[PDB]
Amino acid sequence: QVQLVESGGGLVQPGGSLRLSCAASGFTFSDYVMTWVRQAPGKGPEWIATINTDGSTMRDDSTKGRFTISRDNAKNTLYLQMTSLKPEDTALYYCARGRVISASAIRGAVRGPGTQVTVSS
């Protein structure tokens, strides 16, 4: 019954910006903290940021400034604003319900299929 579907990825040129979104249904969105993850081949899943029910955030400081998580509870939507993209940012970006940071927690998460983001030269 839980649905999570990401949108907004695509082929982007180095230095561009992109806003990802994830629509949610099947649960009370505002009751949950929510996470953005990205995953490239050859790496473990990478935790980007988690947004609390009060709009405060917890984030990796290597994504600092360039990636910004936000939520719109009335639209049941999670957002990830991305800025100054670079080829190393190429991955499948996906949303997960809850606060999932460790590899096992991410791989066991309630998550969407992801939206592919490709930055290349």
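The first residue of the shown sequence is 1; numbering continues from there.
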query: Residue stretch of maximal mean CA temperature factor, 82-90 vs 27-35; finding: 82-90
query: Stretch with the greater mean C-alpha B-factor as recorded in the entry, comparing 11-19 against 97-105; finding: 11-19
query: Selection from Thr53, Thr63, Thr77, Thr50 [criterion: highest C-alpha temperature factor in the record]; finding: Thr63
query: Where the record places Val5 (Cα B-factor, split into thirds across the chain); finding: lowest
